[PDB]
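Chains as they are written, first to last, in UniProt numbering: chain X, 120 to 327; chain A, 120 to 327. Don't be surprised by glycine CBs; every beta carbon is placed ideally from N, CA and C.
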Ligand SMILES: *[C@H]1O[C@H](CO[C@@H]2O[C@@H](C)[C@@H](O)[C@@H](O)[C@@H]2O)[C@@H](O[C@@H]2O[C@H](CO)[C@@H](O[C@@H]3O[C@H](CO[C@H]4O[C@H](CO)[C@@H](O)[C@H](O)[C@@H]4O[C@@H]4O[C@H](CO)[C@@H](O)[C@H](O)[C@H]4NC(C)=O)[C@@H](O)[C@H](O[C@H]4O[C@H](CO)[C@@H](O)[C@H](O)[C@@H]4O[C@@H]4O[C@H](CO)[C@@H](O)[C@H](O)[C@H]4NC(C)=O)[C@@H]3O)[C@H](O)[C@H]2NC(C)=O)[C@H](O)[C@H]1NC(C)=O
Ligand SMILES: *[C@@H]1O[C@H](CO[C@@H]2O[C@@H](C)[C@@H](O)[C@@H](O)[C@@H]2O)[C@@H](O)[C@H](O)[C@H]1NC(C)=O
């Protein structure tokens, strides 16, 4: 019958003080004469009832896409609790159990390095500011760019990539009008990861 | 029933002269009561019988895995031709016609900028050499690193990322012993893409 998917909390949610991290159990392609879907939430094999499965949603598929959401404690996500989602139905000869948890493995402090635009790139109106983040484990992480306290718009970050030593790296590309980098403006690559002091580091990036 | 997955050729196989590009039809979850699988490859509608359904392979989870492979003209792919794989199983209520082609749109030339390690990283044993390749379209691309005619081993490349303007970028990180970067060796990032002159370009990178 149906098919189930289970989502981790966002990295920023598990690593920053007053946020609301939450793993999300999502059901697709249910029945119709059997819309009664039960969820059962277990933390490390212990059932918690502190959930809230927001109402069924009639889709144009003629399926009810139901969604449950467990607000989890950020220290729980980090200390590596397994969140198991049991989903019951009539279309199920047996329920569905999907389990999720932070990657297990020894965490690794990311190295953060800011790279200025290529000398070749100066013949362009816009320049590329680069942020290199390597040797982190596990892959969960967040990178933002700002200048003078205020955030920056025009950046994109590659996904984490498994490096040769079993750690991850990524790059973040920030784009600015050459004029801005020229004036001597300062920009900042911010990074959030668990193996960081206060879960937070940052690196400025300026011309000479 | 069974599912199907169609795959494009490898970028370098459609970009470099004497290579042999192939699209590949992979059928999975095949049974045993009606396990005869027939393929009827069509190219841009007008059928092709230059195909090959290389022999039947088993699988772990008691399921099955049947893979055909059409060798294809490289320039044909670049022109934009549609490649149709047509499967015929009996556990099917109907044959499948999954389609694949190159990304439509105006091919754009990649920009290639090499980037020396951050001064901060010179206090490490190994250093990171960085190749920023941006503004290309479509995403199909190949990147390689080398020095003195020999290739380099220790490198990794992020997947193409969609940029704010509809173009792709990526980075490639080459990792070497610091000592080799102090000698002032020359290192090169090579990029193969359909929009370049001879589908090829390369960028030096060396110590100041
Ligand atoms: C029993 O086992 C087998 C074996 O699989 C595994 O084996 C064991 C050992 C364990 O690892 C198990 O986890 C697992 O069972 C099962 O066979 C599997 O079948 C599933 C689906 O039923 C497949 O998932 C899909 O994978 C394809 C991509 O496949 C390539 O890449 C894989 C990794 O990404 C790689 O493992 C494969 O071998 C394969 O390799 C590529 O093949 C070409 C040609 O050979 C090669 O040249 C490439 O280099 C190579 N690439 C590599 C190596 O990475 C993926 O496309 C599927 O995702 C699409 O479809 C989904 C719908 O199911 C959808 O959810 C996704 O979002 C995505 O949708 C597509 O999105 C694109 C945009 O990107 C869009 O254009 C399309 O329209 C859209 N397609 C749709 C929706 O139609 C999906 O991830 C497994 O690959 C396959 N395993 C292998 C290894 O063959 C078997 O089914 C199992 N039985 C059971 C229990 O069901
Ligand atoms: C059926 O549709 C379900 C809900 O998707 C939503 O409604 C469809 C019609 C679109 O409007 C879509 O953009 C919405 O998100 C899906 O969750 C479900 O997977 C679909 N079933 C399948 C597998 O086709």
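Exercise. Quick one: does the C-beta of residue 148/X sit closer than 7 Å to a heavy atom of ligand 2?
Worked result: Yes, since a heavy atom of ligand 2 falls inside the 7 Å radius drawn around the Cβ of residue 148/X.
Exercise. Pick from 196/A, 255/A and 146/A: whose alpha carbon is nearest that of residue 173/A?
Worked result: Minimum Cα distance to residue 173/A is reached at 146/A.
Exercise. For the segment 202-241 of chain A, which segments carrying the beta strand (DSSP E) assignment without a break, of at least 3 residues, lie completely within its bounds, in sequence order?
Worked result: When DSSP assignments are scanned along the segment 202-241 of chain A, the uninterrupted stretches of beta strand (DSSP E) that are 3 or more residues long and fall wholly within it turn out to be 202-207, 215-219 and 230-234.
Problem set entry | residue 175/A CB to nearest heavy atom of ligand 1 below 7 Å | Not so, every heavy atom of ligand 1 lies at least 7 Å from the Cβ.
Exercise. What do you reckon, are the CB atoms on residue 133/A and residue 237/X nearer than 8 Å?
Worked result: The answer is no: Cβ separation not under 8 Å.
Exercise. CB residue 206/X to CB residue 156/X, shorter than 8 Å?
Worked result: A distance below 8 Å separates the beta carbons of residue 206/X and residue 156/X.
Problem set entry | Burial state of residue 208/X (16 or more Cβ within 10 Å) | Its Cβ being crowded by 16 or more others within 10 Å, residue 208/X is buried.
Exercise. Based on Cα-Cα distance, which residue from 245/A, 326/A, 277/A and 273/A lies nearest to residue 251/A?
Worked result: Measuring from the Cα of residue 251/A, the nearest candidate turns out to be 277/A.
Exercise. Going by beta carbon distance, what residues of the same chain come within less than 6 Å of residue 204/X, once the five residues before and after it are set aside?
Worked result: Taken in chain order, the residues that qualify are 125, 144 and 217.
For this session: Answer with yes or no whether the minimum CB distance from residue 297/A to chain X is below 8 Å.
Result: With respect to chain X, the C-beta atom of residue 297/A has no partner C-beta closer than 8 Å.
Exercise. With respect to the beta strand (DSSP E) encompassing residue 195/X, which residues constitute its N-terminal and C-terminal limits?
Worked result: No beta strand (DSSP E) holds residue 195/X; the alpha helix (DSSP H) holding it covers 193-197.
Exercise. Are the segment 303-318 of chain X and the segment 212-231 of chain A touching by the rule of at least three beta carbon pairs closer than 8 Å?
Worked result: No, they do not touch.
Problem set entry | Under 8 Å by beta carbon: chain A residues contacting residue 233/X | 237, listed in chain order.
Problem set entry | Burial state of residue 294/A (16 or more Cβ within 10 Å) | That one is buried.
Problem set entry | CA nearest to the CA of residue 197/X, picked from 259/X, 153/X and 186/X | It is 259/X whose Cα lies nearest to the Cα of residue 197/X.
Exercise. Is residue 180/A near ligand 1, judged by its Cβ being under 7 Å from some heavy atom?
Worked result: For residue 180/A, the distance from the CB to the nearest heavy atom of ligand 1 is below 7 Å.
For this session: Answer yes or no: the CB of residue 184/X versus the heavy atoms of ligand 2, is any distance below 7 Å?
Result: Yes, the beta carbon of residue 184/X sits closer than 7 Å to at least one heavy atom of ligand 2.
Exercise. Among the residues of its own chain, which have a CB less than 6 Å from the CB of residue 182/X, if the five just before and after it don't count?
Worked result: 148 and 149, listed in sequence order.
Problem set entry | Complete runs of the alpha helix (DSSP H) confined to the segment 122-185 of chain A [at least 4 residues] | Runs found: 130-134.
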